[PDB]
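This document opens with one chain alone, in structure tokens, the form solved without the RNA.
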């Protein structure tokens, strides 16, 4: 065949966008029509963040991918923290019978951190640390979730060999959560609050731990009201 979906996954700061641009270039250098899409395209088109935009950001991103994927290779440049997000993207490929490859980028928690620091700490370092401790690496649960490539971003990377490999893969016949949303959105709300209320490092820790305690209770439901309650808690606190 000749159209393929490339799904990136890995923590913020790990180098997913830089990778996407290098990959896209080498692919295009080989006459491959490819587009890089990720949720930030849509999310950052708003002047502000608000929890309620997320639904339309999610859906718009999938709409773009779905639609792009009939004509072009697509590199998805998102965190894709949860295996259910990776499932969603895979089902897009399934729908049109396109091949896919999950490419897992990784780095030491120390590298991610300084990257964040270099980025202006728009995401709080403590959130990233929290994110890292809690990241289940892809395919530790589902066959279909297994990375085609694991790539160490603090080691040299061979985009030719990657291209060459993806292109062979493309010509093969493809073979084929509410709690995720509360986890994802409460993290985001926390981040927003922290930078908006320009919290100090002691309030930062307290708030991250507030979330922790609060999630413990919620496991032991309706996503939407759970998130509203969470904002109230943050306020009350």
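Numbering follows the first chain given and starts at 1. What we label the rigid core is the largest C-alpha set whose atoms superpose within 1.5 Å from one form to the other.
Not on display, but discussed next: the form solved in complex with the RNA.
- In the bound PDB entry, at least one heavy atom of residue 79 sits within 4.5 Å of the RNA.
- Heavy atoms of residue 143 reach within 4.5 Å of the RNA in the bound PDB entry, making it an interface residue.
- Heavy atoms of residue 42 never reach within 4.5 Å of the RNA in the bound PDB entry, leaving it off the interface.
- Using a 4.5 angstroms limit between non-hydrogen atoms, residue 99 is distant from the RNA in the bound PDB entry.
- Of the residues given (69, 37, 34, 190), 190 alone sits with a heavy atom within 4.5 Å of the RNA in the bound PDB entry.
- Between the options 103, 166, 127, 93, the residue in contact with the RNA in the bound PDB entry by a heavy atom within 4.5 angstroms is 127.
- Contact with the RNA in the bound PDB entry holds for none of 21, 29 and 158, as no heavy atom of theirs lies within 4.5 Å.
- Partner contacts here mean any heavy atom within 4.5 Å of the RNA in the bound PDB entry, and among 84-92, 69-77, 107-115, 148-156 they occur only in 84-92.
- For the stretch 15-53, the set of residues having any non-hydrogen atom within 4.5 angstroms of the RNA in the bound PDB entry comprises 43, 49, 51, in sequence order.
- Compared between this form and the one not shown on the core, the listed residues 68, 42, 26, 199 keep their C-alpha shifts below 2 Å, save 199.
- After superposition on the rigid core, the Cα of residue 57 moves by less than 2 Å between this form and the one not shown.
- Relative to the superposed core, residue 168 undergoes a Cα shift smaller than 2 Å between this form and the one not shown.
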